[PDB]
**Student:** 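Okay, handing you the structure first.
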Amino acid sequence: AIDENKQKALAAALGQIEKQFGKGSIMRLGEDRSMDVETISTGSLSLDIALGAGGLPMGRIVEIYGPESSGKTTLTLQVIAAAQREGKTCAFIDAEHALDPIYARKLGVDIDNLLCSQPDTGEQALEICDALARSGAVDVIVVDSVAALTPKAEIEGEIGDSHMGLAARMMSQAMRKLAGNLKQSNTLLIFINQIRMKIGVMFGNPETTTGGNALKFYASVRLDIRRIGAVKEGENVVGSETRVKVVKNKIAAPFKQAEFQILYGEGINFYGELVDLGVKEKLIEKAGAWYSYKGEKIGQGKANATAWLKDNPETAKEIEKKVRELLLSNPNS
Amino acid sequence: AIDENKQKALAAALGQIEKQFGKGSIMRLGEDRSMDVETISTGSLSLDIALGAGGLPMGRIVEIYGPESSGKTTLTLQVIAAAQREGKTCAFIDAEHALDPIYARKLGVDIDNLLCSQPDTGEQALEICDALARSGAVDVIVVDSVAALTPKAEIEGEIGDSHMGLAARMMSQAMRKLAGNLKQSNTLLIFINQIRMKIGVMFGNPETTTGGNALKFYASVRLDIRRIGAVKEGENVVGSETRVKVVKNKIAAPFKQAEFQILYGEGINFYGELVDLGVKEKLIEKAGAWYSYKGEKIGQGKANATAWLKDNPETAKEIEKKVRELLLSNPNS
Amino acid sequence: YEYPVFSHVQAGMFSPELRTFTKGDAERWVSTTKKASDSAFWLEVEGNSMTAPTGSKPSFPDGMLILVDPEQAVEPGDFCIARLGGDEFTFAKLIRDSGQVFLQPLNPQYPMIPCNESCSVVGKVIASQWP
DNA sequence: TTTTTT
Ligand SMILES: Nc1ncnc2c1ncn2[C@@H]1O[C@H](COP(=O)(O)OP(=O)(O)OP(O)(O)=S)[C@@H](O)[C@H]1O
Ligand SMILES: Nc1ncnc2c1ncn2[C@@H]1O[C@H](COP(=O)(O)OP(=O)(O)OP(O)(O)=S)[C@@H](O)[C@H]1O
Ligand SMILES: [Mg+2]
Ligand SMILES: [Mg+2]
């Protein structure tokens, strides 16, 4: 009786809403394929495992922050290169004006197909990001150094003028205007942030990000990257040991962390990640300081085992396939 | 003499008003069954206790706000799942464009029946909510992050353009147009809000919510939800310790607090809430770290007690009925 | 130097504070020799939970004004104003014992306040004046 | 109405 009337009224109101706003304006979440979460590789297998879904989600906002030389730009460029290897077009908004195209080419980024912008003001940078997202022809956008997103009024004024909450207001408005566009065009916007000092922190580090509080609410994934050591080939420092913490995750469980090596000129050491992950998944036998695979001793020390894995592509593919099958909780294909 | 004339005049005026506006236009407050307060479970028993009347009221406006990853969406989806278990029809207005359908399914939400809309503009969102309320076939509507309710003018504008109070005026008009419709159709509209910083607040609350001042007045219940700790299974963080403070209540006493755990992939830990409420209500004995029910030692620590109460459905239901009888100030008919 | 006087702070309960204070608020201004920042303000104590036993100083009995400077970092062993959940405030001394933050009172009769992640330090208590 | 910053 009343249930049939309710179903009729629901159908009529739904049809009215589709007529007023569009075919996809409202529908059941079960049949909504635009709400499916799709992810792309971050260039680090340990990070893809720590992210739960297998990478950074498409159509969302991602924040990567950390101290100086912690690896933010390198990790972001590895994400860009991995996306470009899958035929995607990417853009890099270099607000800090400190992007080296030769290093990006060294990390594997196709420099010729990478859209780069060095904006004068933060409003211009966010307008360029909005235009690229609305176009739908750009899959990954990176805004280097959110802290460098300077308001036009701040640029026009002299040093010493107080612009109270101007950047925070601008970033809040940008988040408002960009969340829907990014979701509509399935464009991944990665904001790189710097770390700033903070008063009264009872728990955790006495640190804060720049640009205000809106990016905390709007980011689907927030990554805390830090340099936890050095990689040495004898006496030369050839890389850095980096830890990435997933302080926020909207597509999987948060607070997982990843450890990998950023080797200068090469980027994230994928093969070192393979060594460590095969060791942890009992695929590679760890006998003190000696590493072995299926009985065959592959070498001693992490560096020599990584060199061996470079030397033998087939066992590398086998270990990678087994680790990806065993550890990735959301396989797509 | 004088009183009879007054009664005659009042009866004539009442009849005139009913003829002009309708049968239920005016009547005594005591014989108005439409004005009775009807509540639905929030998915958290401690929150049902804190709200006084046993849950969020039907036909009202509810605001939930807090910091990032405080559990606003999870609490909302637990409310939606609890309502859907009772056969109600729910709608999710995802203005943030950051809803995971799979995680919503994991929280118990009937995804195939959850109406989902990702509006382009804030006016479109509020008009969809108004149409759903006027339909009378949707029981619960949630607007995720009214901070993302961007006015059409602001969306069509540029980054950095000033729209003073435009979202606030739009939310004020939405409240004015929606309060009566929600009351008439007995639809619960839940607004999720993000937290911004007040500049210049030397002491007191340093935070506001987005959207202006109208939501503060029109909300019957306002919930301040925060993450107060972590739930760890030794090393992995498997959940969060959550506090909810009822900062506004039009249906019971405010400023009561609710503590519960949000487990990732499960939602609100109902069994842990049952354990704590039984311990408080002298039903479960706690000797240091030992939990015991009627002499039988059920486990050591909160997690073991929760697991034991999960493994014994009969005693769980018994404790749940006892707690619902005892603690509920306003047990629903 | 003279600073605004803003409401009261419960010493040992984390009591809610309903009302928001700007520099333009408050009709009470109290002067002292302490050279604090321009965000410093006075808080008057209602509560005896931070009254030290006689013979041990410092002590903060009910009614005395405490100067709070949010621009000075609070280290363990110092006196501070702590905010819980954005709305609740307390006046206790801060110690970071065993890696978990605690607010302990100067009165043994009152318990130590555990701090969660929703707790932050409003400022450092740097002066004391009777009204 | 809007929003931190070192
Ligand atoms: N052109 C380069 N050649 C070799 N090593 C480099 C080069 N550029 C950066 N590195 C190193 O790569 C590591 C990470 O560099 P980045 O990705 O620039 O770090 P970052 O997080 O961007 O820090 P910033 O931007 O300088 S504050 C550091 O150890 C750098 O020394
Ligand atoms: N898909 C998911 N899988 C596992 N954990 C999740 C997932 N989505 C959210 N969580 C966690 O669940 C907790 C509550 O998350 P939410 O309900 O989204 O809170 P929230 O207030 O909506 O935060 P926002 O919307 O990002 S500001 C957090 O600890 C999240 O990290
Ligand atoms: Mg950089
Ligand atoms: Mg959410």
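First the proteins, then the strands, lettered A, B, ... as listed; each starts at 1. In what follows, every heavy atom counts, from backbone to side chain, and hydrogens, waters and symmetry copies are set aside.
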**Student:** Examine D:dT4: is either OP1 or OP2 under 4.0 Å from a nitrogen or oxygen in the side chain of A:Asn213? Give yes or no.
**Tutor:**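 Yes, within the criterion.
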**Student:** If you assign each of B:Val201 and B:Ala168 to its closest nucleotide in DNA chain D, which residue comes earlier from the 5' end?
**Tutor:**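 Closest to the 5' end, via its nearest nucleotide, is B:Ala168.
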**Student:** Nearest-Å distance, CG (B:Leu215) to P (D:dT2)?
**Tutor:**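 In whole Å, D:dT2 P lies 11 Å from B:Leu215 CG.
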**Student:** Between C:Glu88 and B:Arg243, does any NZ, NE, NH1 or NH2 come within less than 4.0 Å of an OD or OE carboxylate oxygen?
**Tutor:**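 Salt bridge between B:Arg243 and C:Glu88, a charged N being under 4.0 Å from a carboxylate O: yes.
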**Student:** Is the distance from OP1 or OP2 of D:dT5 to the nearest side-chain N or O of A:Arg169 less than 4.0 Å?
**Tutor:**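 No, because none of the side-chain N or O atoms of A:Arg169 sits under 4.0 Å from OP1 or OP2 of D:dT5.
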**Student:** Grab the CG-P distance between B:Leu149 and D:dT2 for me, whole Å please.
**Tutor:**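 After rounding, the reported distance stands at 12 Å.
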**Student:** Please state how far atom CD in A:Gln194 lies from atom P in D:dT5, giving the value in whole angstrom units.
**Tutor:**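 In whole Å, D:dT5 P lies 12 Å from A:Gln194 CD.
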**Student:** Is there a side-chain contact between B:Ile228 and C:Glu117 in this structure, where contact means two heavy atoms from C-beta onward sitting under 4.5 Å apart?
**Tutor:**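 No, every pair of side-chain atoms sits at 4.5 Å or beyond.
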**Student:** Less than 4.0 angstrom from a charged side-chain N to a carboxylate O is my criterion; do A:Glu127 and A:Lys177 meet it?
**Tutor:**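 The answer is yes: the pair qualifies as a salt bridge.
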**Student:** Is it true that A:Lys250 and B:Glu96 make a salt bridge, defined as a side-chain N closer than 4.0 Å to a carboxylate O?
**Tutor:**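 Salt bridge present between A:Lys250 and B:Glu96.
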**Student:** Take atom CG of A:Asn193 and atom P of D:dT4, then tell me their distance rounded to the nearest Å.
**Tutor:**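 Going from A:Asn193 (CG) to D:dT4 (P), I get 13 Å.
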**Student:** Roughly how many Å is it from NZ in A:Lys216 to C1' in D:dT5, rounded to a whole number?
**Tutor:**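 Value for this atom pair: 12 Å.
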**Student:** Could you tell me whether the side chain of C:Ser37 reaches within less than 4.5 Å of the side chain of C:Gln72, counting heavy atoms only?
**Tutor:**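 No. Closest side-chain heavy atoms not under 4.5 Å.
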**Student:** How many whole angstroms separate atom CD of A:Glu154 from atom P of D:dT4?
**Tutor:**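 Between P of D:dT4 and CD of A:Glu154: 15 Å.
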**Student:** Starting from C1' on D:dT6, measure out to NE2 on A:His163 and report it in whole angstrom.
**Tutor:**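 Checked: the NE2 to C1' distance equals 15 Å.
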**Student:** Of the candidate nucleotides D:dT5, D:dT4, D:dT6, which contains the atom at the shortest distance from the side chain of B:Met197?
**Tutor:**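 Selected nucleotide (nearest to the side chain): D:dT4.
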**Student:** Taking the side chain of B:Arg196 as its heavy atoms from C-beta onward, which of D:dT6, D:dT3, D:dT5 lies nearest to it?
**Tutor:**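 My answer, after comparing the listed nucleotides, is D:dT3.
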**Student:** Pick the nucleotide of DNA chain D nearest each of B:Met164 and B:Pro206; which residue has the one closer to the 5' end?
**Tutor:**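 Its nearest nucleotide being more 5', the pick is B:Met164.
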**Student:** Please report, rounded to the nearest Å, how far the P atom of D:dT5 is from the CD1 atom of A:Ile159.
**Tutor:**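 Taking atom P of D:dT5 as the reference, CD1 of A:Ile159 is at 18 Å.
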